[PDB]
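A lone chain, given as structure tokens: the form solved without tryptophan.
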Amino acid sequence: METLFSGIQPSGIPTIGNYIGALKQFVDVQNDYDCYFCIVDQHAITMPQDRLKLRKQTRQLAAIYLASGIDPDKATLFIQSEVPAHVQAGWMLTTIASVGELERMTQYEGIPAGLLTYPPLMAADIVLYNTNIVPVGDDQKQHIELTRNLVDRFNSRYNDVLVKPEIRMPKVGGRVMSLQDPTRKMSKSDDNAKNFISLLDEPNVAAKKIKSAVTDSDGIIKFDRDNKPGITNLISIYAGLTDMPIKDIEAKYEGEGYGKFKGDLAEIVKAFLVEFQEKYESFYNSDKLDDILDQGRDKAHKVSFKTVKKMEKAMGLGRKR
């Protein structure tokens, strides 16, 4: 069984496109891969954060992932800072990185140092679990290139204990787009909020956002990305939130107009966010969330600990006991 590792910025709420595109897939793939879901609070603080806001968003993300259907006895879900291994391994991998290397990543009162020196810590976050696959996008290429390099350097200079990862996503999800700009993916940080639907939107507001999506005035409900990207996008959302093949949706809306369909979808989105958000509050506001992240921290420690100890011995840190 391969091991999957995804780190999760606890900075912003995932959109529903982030649900369709990634989180929903995870809930399958956690039965076919040994998945590590890591809320990277120590990465969070390289960028600016509000001390109080930041400890909150971490529970938010943990609950969001638990609501999505991540199962704590199938994946490991944990907060980075609570696994010391991460910054230990990160330091080792920093001593073999070059300055020029860390500088190049930055290309692809002062400049906070975390913005320069996170790359080795990202590497350590992966390799501690002997991760084979990392589900990330094209702005993360330079990172995985350096993680592969840093594993090669470490296995050559010191003993071979690390595991080069590949960038892979087991079941790719459907490309959701901006509701009021279908040629651009759905970002949680859109200046135009009618462009996205947060998993933590007021359901009614998401409903009105579906209705607000830029589409032609009327049309058939037929998937055509190249020429009718407006309605095509909404059909992707519809299919994604319901598991209805796109040709089945097309079938069910044969001879219906945009209005009938948009109204149905707008009730599906509203329906779904209520099922999600009632799960989400029941986790975010629950004593069992501390129990779960405790279990998920101990899991991730037990694994990463042995990776750090193999690394220390390989470089001559510490003692022999």
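Start at 1 and count along the sequence shown; that's the residue number.
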query: Unresolved deposited residues in the interval that joins residue 108 and residue 109; finding: 4 to 9
query: 247-255 or 189-197, whichever carries the higher mean Cα B-factor; finding: 247-255
query: 79-87 set against 225-233, stretch whose average Cα temperature factor tops the other in the entry; finding: 225-233
query: Most elevated Cα B-factor in the entry, residues 145, 160, 125, 166; finding: 160
query: Highest recorded Cα temperature factor - choice among 64, 271, 39, 45; finding: 271
query: Ranked C-alpha temperature factor of residue 137 among modelled chain residues, by third; finding: highest
query: CA B-factor placement of residue 11, once the chain's modelled residues are sorted into thirds; finding: highest
query: Third of the chain's Cα B-factor distribution that residue 152 belongs to, per the entry; finding: lowest
query: Relative C-alpha B-factor of residue 100, binned into the chain's lowest, middle or highest third; finding: highest
query: Residue 219 - which third its CA temperature factor falls in, relative to the rest of the chain; finding: lowest
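Form solved in complex with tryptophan: not shown, discussed below.
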| query | finding |
| --- | --- |
| Listed range touching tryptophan, judged in the entry with it bound by heavy atoms within 4.5 Å, from 202-210, 96-104, 156-164, 128-136 | 128-136 |
| Distance check, residue 43 to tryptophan in the entry with it bound, heavy atom within 4.5 Å | yes |
| Contact label in the entry with it bound: residue 198 to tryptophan, heavy atom within 4.5 Å | no |
| Heavy atom of residue 81 within 4.5 Å of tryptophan in the entry with it bound | no |
| 4.5 Å heavy atom contact, residue 151 to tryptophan in the entry with it bound | no |
| Residue (of 117, 140, 242, 180) lying close to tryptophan in the entry with it bound, criterion heavy atoms within 4.5 Å | 140 |
| Among the candidates 122, 92, 85, 249, the residue which, in the entry with it bound, approaches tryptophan to within 4.5 Å (heavy atoms) | 122 |
